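Enquirer: Structure file query-v4.csv, CSV, N, CA and C atoms, is pasted below:
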```csv
chain,number,residue,atom,x,y,z
N,1053,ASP,N,0.8,-1.2,0.0
N,1053,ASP,CA,0.0,0.0,0.0
N,1053,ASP,C,0.9,1.3,0.0
N,1054,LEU,N,2.1,1.1,-0.5
N,1054,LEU,CA,3.1,2.2,-0.5
N,1054,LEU,C,3.2,2.8,-1.9
N,1055,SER,N,2.9,2.0,-2.9
N,1055,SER,CA,3.0,2.4,-4.3
N,1055,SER,C,2.1,3.6,-4.5
N,1056,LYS,N,1.0,3.6,-3.9
N,1056,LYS,CA,0.0,4.7,-4.1
N,1056,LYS,C,0.4,6.0,-3.4
N,1057,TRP,N,1.5,6.0,-2.7
N,1057,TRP,CA,2.0,7.2,-2.0
N,1057,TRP,C,2.4,8.3,-2.9
N,1058,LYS,N,2.1,9.5,-2.6
N,1058,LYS,CA,2.5,10.7,-3.4
N,1058,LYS,C,3.9,11.0,-3.0
N,1059,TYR,N,4.7,11.6,-3.9
N,1059,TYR,CA,6.1,11.9,-3.7
N,1059,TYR,C,6.3,12.8,-2.5
N,1060,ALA,N,5.7,13.9,-2.4
N,1060,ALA,CA,5.9,14.9,-1.4
N,1060,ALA,C,5.4,14.3,0.0
N,1061,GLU,N,4.6,13.3,-0.1
N,1061,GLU,CA,4.2,12.5,1.1
N,1061,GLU,C,5.3,11.6,1.6
N,1062,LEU,N,6.0,11.0,0.7
N,1062,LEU,CA,7.1,10.2,1.0
N,1062,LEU,C,8.2,11.1,1.5
N,1063,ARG,N,8.3,12.3,1.0
N,1063,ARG,CA,9.3,13.2,1.3
N,1063,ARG,C,9.1,13.9,2.7
N,1064,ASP,N,7.9,14.3,3.0
N,1064,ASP,CA,7.6,14.9,4.3
N,1064,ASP,C,7.7,13.9,5.4
N,1065,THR,N,7.4,12.6,5.0
N,1065,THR,CA,7.5,11.5,6.0
N,1065,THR,C,8.9,11.2,6.4
N,1066,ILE,N,9.8,11.0,5.4
N,1066,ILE,CA,11.2,10.7,5.6
N,1066,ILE,C,11.9,11.8,6.4
N,1067,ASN,N,11.4,13.1,6.1
N,1067,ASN,CA,12.0,14.2,6.7
N,1067,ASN,C,11.4,14.7,8.0
N,1068,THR,N,10.4,13.9,8.6
N,1068,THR,CA,9.7,14.3,9.8
N,1068,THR,C,9.4,13.2,10.8
N,1069,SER,N,9.2,12.0,10.2
N,1069,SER,CA,8.7,10.9,11.1
N,1069,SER,C,9.7,10.4,12.1
N,1070,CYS,N,9.3,9.4,12.9
N,1070,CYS,CA,10.2,8.8,13.8
N,1070,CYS,C,10.1,7.2,13.7
N,1071,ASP,N,9.1,6.8,13.1
N,1071,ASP,CA,8.8,5.3,13.1
N,1071,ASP,C,9.9,4.6,12.3
N,1072,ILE,N,10.6,3.7,13.0
N,1072,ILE,CA,11.7,3.0,12.5
N,1072,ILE,C,11.4,2.2,11.3
N,1073,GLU,N,10.3,1.4,11.3
N,1073,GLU,CA,9.9,0.6,10.2
N,1073,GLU,C,9.4,1.5,9.0
N,1074,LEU,N,8.5,2.4,9.3
N,1074,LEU,CA,8.0,3.3,8.3
N,1074,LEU,C,9.0,4.2,7.6
N,1075,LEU,N,9.9,4.7,8.4
N,1075,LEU,CA,11.0,5.5,7.8
N,1075,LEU,C,11.8,4.7,6.8
N,1076,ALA,N,12.1,3.5,7.2
N,1076,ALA,CA,12.9,2.6,6.4
N,1076,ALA,C,12.1,2.1,5.2
N,1077,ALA,N,10.8,2.0,5.3
N,1077,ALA,CA,9.9,1.5,4.3
N,1077,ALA,C,9.6,2.7,3.3
N,1078,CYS,N,9.8,3.9,3.7
N,1078,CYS,CA,9.6,5.1,2.8
N,1078,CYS,C,10.9,5.3,2.0
N,1079,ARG,N,12.0,5.1,2.6
N,1079,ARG,CA,13.3,5.2,1.9
N,1079,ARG,C,13.4,4.2,0.8
N,1080,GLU,N,13.1,3.0,1.1
N,1080,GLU,CA,13.2,1.9,0.1
N,1080,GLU,C,12.2,2.0,-1.0
N,1081,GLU,N,11.1,2.8,-0.7
N,1081,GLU,CA,10.1,3.0,-1.7
N,1081,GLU,C,10.4,4.2,-2.5
N,1082,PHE,N,10.8,5.3,-1.9
N,1082,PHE,CA,11.3,6.4,-2.6
N,1082,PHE,C,12.5,6.1,-3.5
N,1083,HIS,N,13.3,5.1,-3.0
N,1083,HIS,CA,14.5,4.6,-3.7
N,1083,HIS,C,14.0,3.8,-4.9
N,1084,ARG,N,13.1,2.9,-4.7
N,1084,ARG,CA,12.6,2.0,-5.7
N,1084,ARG,C,12.1,2.7,-7.0
N,1085,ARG,N,11.5,3.9,-6.7
N,1085,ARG,CA,11.0,4.7,-7.8
N,1085,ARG,C,12.1,5.3,-8.6
N,1086,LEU,N,13.0,6.0,-8.0
N,1086,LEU,CA,14.1,6.6,-8.7
N,1086,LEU,C,15.1,5.5,-9.2
N,1087,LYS,N,14.9,4.3,-8.7
N,1087,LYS,CA,15.7,3.1,-9.2
N,1087,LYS,C,15.2,2.7,-10.6
N,1088,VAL,N,13.9,2.5,-10.7
N,1088,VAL,CA,13.4,2.0,-12.0
N,1088,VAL,C,13.5,3.2,-13.0
N,1089,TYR,N,13.5,4.4,-12.5
N,1089,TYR,CA,13.7,5.6,-13.4
N,1089,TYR,C,15.1,5.5,-14.0
N,1090,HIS,N,16.1,5.4,-13.2
N,1090,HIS,CA,17.5,5.3,-13.6
N,1090,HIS,C,17.7,4.2,-14.5
N,1091,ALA,N,16.9,3.1,-14.4
N,1091,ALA,CA,17.0,1.9,-15.2
N,1091,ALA,C,16.5,2.2,-16.6
N,1092,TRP,N,15.3,2.8,-16.7
N,1092,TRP,CA,14.7,3.1,-18.0
N,1092,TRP,C,15.5,4.3,-18.7
N,1093,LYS,N,16.0,5.2,-17.9
N,1093,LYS,CA,16.6,6.4,-18.4
N,1093,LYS,C,18.0,6.0,-19.0
N,1094,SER,N,18.6,4.9,-18.6
N,1094,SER,CA,19.8,4.4,-19.1
N,1094,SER,C,19.7,4.0,-20.5
N,1095,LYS,N,18.6,3.3,-20.9
N,1095,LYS,CA,18.4,2.8,-22.2
N,1095,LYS,C,17.9,4.0,-23.1
N,1096,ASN,N,17.2,5.0,-22.5
N,1096,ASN,CA,16.6,6.0,-23.3
N,1096,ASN,C,17.1,7.4,-22.8
A,238,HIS,N,-3.9,25.2,-33.6
A,238,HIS,CA,-2.6,24.7,-33.6
A,238,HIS,C,-2.6,23.3,-32.9
A,239,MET,N,-2.5,22.2,-33.6
A,239,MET,CA,-2.5,20.9,-33.1
A,239,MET,C,-1.2,20.3,-32.6
A,240,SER,N,-0.2,21.2,-32.5
A,240,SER,CA,1.1,20.8,-31.9
A,240,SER,C,1.2,21.4,-30.5
A,241,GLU,N,0.6,22.6,-30.3
A,241,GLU,CA,0.5,23.2,-29.0
A,241,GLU,C,-0.3,22.3,-28.0
A,242,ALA,N,-1.2,21.5,-28.6
A,242,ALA,CA,-2.0,20.5,-27.9
A,242,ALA,C,-1.2,19.4,-27.4
A,243,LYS,N,-0.3,18.8,-28.3
A,243,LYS,CA,0.6,17.7,-27.9
A,243,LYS,C,1.5,18.2,-26.8
A,244,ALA,N,2.1,19.4,-26.9
A,244,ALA,CA,3.0,19.9,-25.9
A,244,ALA,C,2.3,20.2,-24.6
A,245,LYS,N,1.1,20.7,-24.6
A,245,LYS,CA,0.4,20.9,-23.4
A,245,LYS,C,0.1,19.6,-22.7
A,246,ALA,N,-0.2,18.6,-23.5
A,246,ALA,CA,-0.5,17.2,-23.0
A,246,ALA,C,0.7,16.6,-22.2
A,247,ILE,N,1.8,16.6,-22.9
A,247,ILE,CA,3.0,16.1,-22.4
A,247,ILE,C,3.4,16.9,-21.1
A,248,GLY,N,3.3,18.3,-21.2
A,248,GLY,CA,3.6,19.1,-20.1
A,248,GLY,C,2.7,18.9,-18.9
A,249,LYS,N,1.5,18.5,-19.1
A,249,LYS,CA,0.6,18.1,-18.0
A,249,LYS,C,0.9,16.8,-17.5
A,250,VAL,N,1.7,16.0,-18.2
A,250,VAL,CA,2.0,14.6,-17.8
A,250,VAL,C,3.3,14.6,-16.9
A,251,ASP,N,4.3,15.3,-17.3
A,251,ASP,CA,5.5,15.3,-16.5
A,251,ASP,C,5.3,16.2,-15.3
A,252,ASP,N,4.2,17.0,-15.3
A,252,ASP,CA,3.8,17.7,-14.1
A,252,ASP,C,3.3,16.6,-13.1
A,253,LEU,N,2.7,15.6,-13.6
A,253,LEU,CA,2.3,14.5,-12.7
A,253,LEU,C,3.5,13.6,-12.4
A,254,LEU,N,4.5,13.7,-13.2
A,254,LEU,CA,5.8,12.9,-12.9
A,254,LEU,C,6.5,13.6,-11.7
A,255,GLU,N,6.3,14.9,-11.6
A,255,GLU,CA,7.0,15.6,-10.5
A,255,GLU,C,6.2,15.4,-9.2
A,256,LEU,N,5.0,15.0,-9.3
A,256,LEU,CA,4.2,14.7,-8.1
A,256,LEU,C,4.3,13.3,-7.6
A,257,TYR,N,4.9,12.5,-8.4
A,257,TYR,CA,5.0,11.1,-8.1
A,257,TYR,C,6.5,10.7,-7.8
A,258,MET,N,7.4,11.4,-8.4
A,258,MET,CA,8.8,11.1,-8.2
A,258,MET,C,9.7,12.3,-7.9
A,259,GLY,N,9.1,13.5,-8.1
A,259,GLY,CA,9.9,14.7,-7.9
A,259,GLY,C,10.8,15.0,-9.1
A,260,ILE,N,10.8,14.1,-10.0
A,260,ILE,CA,11.6,14.2,-11.2
A,260,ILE,C,10.8,14.8,-12.4
A,261,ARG,N,11.4,15.2,-13.4
A,261,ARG,CA,10.7,15.8,-14.5
A,261,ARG,C,11.6,15.8,-15.8
A,262,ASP,N,11.4,14.9,-16.7
A,262,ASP,CA,12.0,14.9,-18.0
A,262,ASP,C,11.0,14.6,-19.1
A,263,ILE,N,11.2,15.3,-20.2
A,263,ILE,CA,10.2,15.3,-21.3
A,263,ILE,C,10.2,14.0,-22.1
A,264,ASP,N,11.3,13.3,-22.1
A,264,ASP,CA,11.5,12.1,-22.8
A,264,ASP,C,10.5,11.0,-22.3
A,265,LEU,N,10.4,11.0,-21.0
A,265,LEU,CA,9.5,10.0,-20.3
A,265,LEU,C,8.1,10.3,-20.5
A,266,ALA,N,7.8,11.6,-20.3
A,266,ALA,CA,6.4,12.1,-20.4
A,266,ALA,C,5.9,11.8,-21.8
A,267,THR,N,6.7,12.0,-22.8
A,267,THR,CA,6.4,11.8,-24.2
A,267,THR,C,6.3,10.3,-24.5
A,268,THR,N,7.1,9.5,-23.9
A,268,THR,CA,7.1,8.1,-24.1
A,268,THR,C,5.8,7.5,-23.7
A,269,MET,N,5.2,8.0,-22.6
A,269,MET,CA,3.9,7.6,-22.0
A,269,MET,C,2.8,8.1,-22.9
A,270,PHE,N,2.8,9.4,-23.2
A,270,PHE,CA,1.8,10.0,-24.0
A,270,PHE,C,1.6,9.3,-25.3
A,271,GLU,N,2.7,8.9,-25.9
A,271,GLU,CA,2.7,8.3,-27.2
A,271,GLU,C,2.3,6.8,-27.1
A,272,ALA,N,1.9,6.4,-25.9
A,272,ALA,CA,1.4,5.0,-25.7
A,272,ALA,C,-0.1,5.1,-25.5
A,273,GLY,N,-0.7,6.2,-25.7
A,273,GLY,CA,-2.2,6.4,-25.4
A,273,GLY,C,-3.0,7.0,-26.5
A,274,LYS,N,-2.3,7.8,-27.4
A,274,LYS,CA,-3.0,8.5,-28.5
A,274,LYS,C,-3.5,7.5,-29.5
A,275,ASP,N,-3.6,6.2,-29.2
A,275,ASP,CA,-4.0,5.1,-30.1
A,275,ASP,C,-5.1,4.3,-29.4
A,276,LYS,N,-5.0,4.2,-28.1
A,276,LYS,CA,-5.9,3.4,-27.3
A,276,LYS,C,-7.2,4.1,-27.0
A,277,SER,N,-8.2,3.4,-26.4
A,277,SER,CA,-9.5,4.0,-26.2
A,277,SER,C,-9.9,4.0,-24.7
A,278,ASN,N,-9.3,3.1,-24.0
A,278,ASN,CA,-9.6,3.0,-22.5
A,278,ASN,C,-8.3,2.8,-21.7
A,279,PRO,N,-8.3,3.2,-20.4
A,279,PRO,CA,-7.1,3.2,-19.6
A,279,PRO,C,-6.6,1.8,-19.4
A,280,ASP,N,-7.3,0.8,-19.8
A,280,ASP,CA,-6.7,-0.6,-19.7
A,280,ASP,C,-5.9,-0.9,-20.9
A,281,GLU,N,-6.3,-0.5,-22.1
A,281,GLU,CA,-5.5,-0.6,-23.3
A,281,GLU,C,-4.2,0.2,-23.2
A,282,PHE,N,-4.3,1.3,-22.5
A,282,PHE,CA,-3.2,2.2,-22.2
A,282,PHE,C,-2.2,1.5,-21.2
A,283,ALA,N,-2.8,0.9,-20.2
A,283,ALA,CA,-2.1,0.2,-19.1
A,283,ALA,C,-1.2,-0.9,-19.7
A,284,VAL,N,-1.7,-1.6,-20.7
A,284,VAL,CA,-0.9,-2.7,-21.3
A,284,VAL,C,0.3,-2.1,-22.1
A,285,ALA,N,0.1,-1.0,-22.8
A,285,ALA,CA,1.1,-0.4,-23.6
A,285,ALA,C,2.3,0.0,-22.7
A,286,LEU,N,1.9,0.5,-21.5
A,286,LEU,CA,2.9,1.0,-20.6
A,286,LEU,C,3.8,-0.2,-20.0
A,287,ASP,N,3.1,-1.3,-19.8
A,287,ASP,CA,3.7,-2.4,-19.1
A,287,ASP,C,4.9,-3.0,-19.9
A,288,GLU,N,4.9,-2.8,-21.2
A,288,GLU,CA,5.9,-3.3,-22.1
A,288,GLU,C,7.2,-2.6,-21.8
A,289,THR,N,7.2,-1.2,-21.9
A,289,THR,CA,8.4,-0.4,-21.7
A,289,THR,C,8.6,0.0,-20.3
A,290,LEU,N,7.5,0.3,-19.5
A,290,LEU,CA,7.7,0.8,-18.2
A,290,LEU,C,6.9,-0.1,-17.2
A,291,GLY,N,7.0,-1.4,-17.4
A,291,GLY,CA,6.3,-2.3,-16.5
A,291,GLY,C,6.9,-2.3,-15.1
A,292,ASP,N,8.2,-2.2,-14.9
A,292,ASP,CA,8.8,-2.2,-13.6
A,292,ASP,C,8.5,-1.0,-12.7
A,293,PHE,N,7.8,-0.1,-13.2
A,293,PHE,CA,7.5,1.1,-12.5
A,293,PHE,C,6.4,0.9,-11.4
A,294,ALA,N,5.5,-0.1,-11.7
A,294,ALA,CA,4.4,-0.4,-10.8
A,294,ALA,C,3.6,0.9,-10.5
A,295,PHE,N,3.3,1.7,-11.5
A,295,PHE,CA,2.6,2.9,-11.4
A,295,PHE,C,1.2,2.8,-10.7
A,296,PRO,N,1.0,3.6,-9.7
A,296,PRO,CA,-0.3,3.6,-8.9
A,296,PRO,C,-1.4,3.9,-9.9
A,297,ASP,N,-2.6,3.3,-9.6
A,297,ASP,CA,-3.8,3.4,-10.5
A,297,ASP,C,-4.3,4.9,-10.6
A,298,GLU,N,-4.2,5.6,-9.5
A,298,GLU,CA,-4.6,7.0,-9.5
A,298,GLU,C,-3.7,7.9,-10.3
A,299,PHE,N,-2.4,7.4,-10.6
A,299,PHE,CA,-1.5,8.1,-11.4
A,299,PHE,C,-1.7,7.9,-12.8
A,300,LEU,N,-1.8,6.6,-13.2
A,300,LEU,CA,-2.0,6.3,-14.7
A,300,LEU,C,-3.4,6.7,-15.2
A,301,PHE,N,-4.3,6.9,-14.2
A,301,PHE,CA,-5.6,7.5,-14.6
A,301,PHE,C,-5.4,9.0,-15.0
A,302,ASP,N,-4.8,9.8,-14.1
A,302,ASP,CA,-4.6,11.2,-14.3
A,302,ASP,C,-3.8,11.4,-15.6
A,303,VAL,N,-2.8,10.5,-15.9
A,303,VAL,CA,-2.1,10.6,-17.2
A,303,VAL,C,-3.1,10.3,-18.4
A,304,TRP,N,-3.9,9.2,-18.3
A,304,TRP,CA,-4.9,8.9,-19.3
A,304,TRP,C,-5.9,10.1,-19.4
A,305,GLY,N,-6.1,10.7,-18.2
A,305,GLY,CA,-7.0,11.9,-18.2
A,305,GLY,C,-6.4,13.0,-19.0
A,306,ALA,N,-5.0,13.1,-18.9
A,306,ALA,CA,-4.3,14.2,-19.6
A,306,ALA,C,-4.3,13.9,-21.1
A,307,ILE,N,-4.3,12.6,-21.5
A,307,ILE,CA,-4.3,12.3,-22.9
A,307,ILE,C,-5.6,12.4,-23.6
A,308,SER,N,-6.7,12.0,-22.9
A,308,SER,CA,-8.0,12.1,-23.4
A,308,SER,C,-8.5,13.6,-23.6
A,309,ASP,N,-7.8,14.5,-23.0
A,309,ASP,CA,-8.1,15.9,-23.1
A,309,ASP,C,-7.8,16.4,-24.5
A,310,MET,N,-7.0,15.7,-25.3
A,310,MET,CA,-6.6,16.1,-26.6
A,310,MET,C,-7.8,15.9,-27.6
A,311,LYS,N,-8.9,15.3,-27.1
A,311,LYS,CA,-10.1,15.2,-27.8
A,311,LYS,C,-10.9,16.5,-28.0
A,312,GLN,N,-10.5,17.4,-27.0
A,312,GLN,CA,-11.1,18.8,-27.1
A,312,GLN,C,-10.2,19.8,-26.4
```
Rewrite the coordinates I just gave you, this time as structure tokens.
Expert:
Amino acid sequence: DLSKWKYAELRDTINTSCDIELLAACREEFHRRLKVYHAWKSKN
Amino acid sequence: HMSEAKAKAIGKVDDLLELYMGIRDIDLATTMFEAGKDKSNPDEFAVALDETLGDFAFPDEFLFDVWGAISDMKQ
């Protein structure tokens, strides 16, 4: 249920929350997005 | 001017790209846009995306708004 998160919501959370699991789950989700981007951007 | 329409469409799409990833490049926005100007429903569009951009796992509210941006070229 993290895919449906808006960017600025991932961003405000990583930059303000305290939840150890949530913080780590937002990083790896924010990462996953710019990950697949970097992948597609490489070919194109 | 039917080219100002394409440009507005793409521009409205990478606008949605900045809301989803904070990123913004026209090559991606155009890649997506040119996967919809042939289809008729957001499911036909969803299939075209999955070929090139399958690994993105785009949220449904996002690929709607993009399809919403493409269908606006009808008027």
Enquirer: Grab the atom N of residue 268 (chain A) to atom N of residue 1057 (chain N) distance for me, in Å with one decimal place.
Expert: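 Atom N of residue 1057 (chain N) lies 22.2 Å from atom N of residue 268 (chain A).
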Enquirer: Would you pick out the contacts of residue 293 (chain A) at 7 Å or less, using all atoms listed in the file, so that residues sharing its chain but fewer than 3 positions from it are not included, and give the list as a list in words?
Expert: residues 1085, 1088 and 1089 of chain N; 290 and 296 of chain A
Enquirer: Any idea what the distance is between CA of residue 257 (chain A) and CA of residue 299 (chain A)?
Expert: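 Atom-to-atom, CA of residue 257 (chain A) to CA of residue 299 (chain A), that is 7.9 Å.
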Enquirer: Return the single residue from A:244, A:294, A:239, A:284 that is closest to chain N, with distances computed using all atoms listed in the file.
Expert: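 Of A:244, A:294, A:239, A:284, the one nearest chain N, counting all atoms listed in the file, is A:294.
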Enquirer: Please give the complete set of residues from chain A that DSSP, run on the backbone, assigns to helix (DSSP H, G or I), formatted as a ChimeraX atom specification.
Expert: /A:241-257,263-270,279-293,297-311
Enquirer: Enumerate as an NGL selection string the residues belonging to chain A that approach chain N to within 12 Å, with only C-alpha atoms taken into account.
Expert: :A and (253-268 or 288-300)
Enquirer: Tell me, in Å to one decimal, how far atom C of residue 250 (chain A) is from CA of residue 303 (chain A).
Expert: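 Atom-to-atom, atom C of residue 250 (chain A) to CA of residue 303 (chain A), that is 6.7 Å.
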Enquirer: Nearest to residue 274 (chain A): which of A:238, A:302, A:307, A:248 is it, counting only C-alpha atoms?
Expert: A:307
